Amino acid sequence: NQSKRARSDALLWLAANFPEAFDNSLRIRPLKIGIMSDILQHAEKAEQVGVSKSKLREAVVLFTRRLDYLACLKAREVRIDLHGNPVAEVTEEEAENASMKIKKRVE
């Protein structure tokens with residue numbers, strides 16, 4: 019319960035500070051491989067408002083396990099950094115891994 023609200027807080031902090039990556043009100047886009055390391059460079063600012071590094075990791079894990087995120091991992095879609103800049107493209111293997119994950123969760 020407390021850990022859940024702490025995870026939700028981390029997700030709200032991610033959407034407020036990096037909405038290009040984590041504001042999913044209209045769209046969701048593939049994230050850079052290693053986006054977690056980029057987020058953790060901001061850990062000091064997050065901790066001042068009550069968000070720990072481990073809650074930042076839990077929030078990214080929750081965000082990227084959602085089916086709508088897995089569904090956006092299609093071959094040659096663009097991966098973005100925290101500010102929505104294009105950095106790479108989704109590979110066929112990554113797209114296959116994502117669809118396999120979706121099929122497992124609905125079963």
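Quick note on the authors' numbering: the sequence shown kicks off at 19 and runs consecutively.
Beta carbons are placed, not taken as given, at the ideal position from N, Cα and C, and that holds for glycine.
Cβ neighbours of residue i in the same chain (closer than 8 Å, five flanking residues each side left out)
i: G102; result: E38, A39, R47
Residues of its chain near residue i, where Cβ-Cβ distance is below 7 Å and the 5 sequence neighbours each way are ignored
i: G68; result: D27
i: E110; result: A93
Buried versus exposed call for residue i [16 or more other C-beta atoms within 10 Å across all chains shown]
i: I57; result: buried
i: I53; result: buried
i: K121; result: exposed
i: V79; result: exposed
Beta-bridge partners of residue i, as assigned by DSSP
i: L49; result: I98
Rounded distance between the beta-carbons of residue j and residue i, thought under 8 Å
i: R83; j: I51; result: That belief does not hold up - the Cβ atoms of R83 and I51 are roughly 16 Å apart, past 8 Å.
i: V105; j: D99; result: 5 Å
i: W31; j: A61; result: Actually they do not touch by this definition, with Cβ atoms about 11 Å apart.
Inset, instruction - Run through the segment 76-107 for me and flag every whole beta strand (DSSP E) of 3 or more residues, listed as ranges in chain order. - result: Taking 3 residues as the shortest admissible run, the segment 76-107 contains the following complete beta strand (DSSP E) segments, listed from N- to C-terminal end: 96-98, 104-107.
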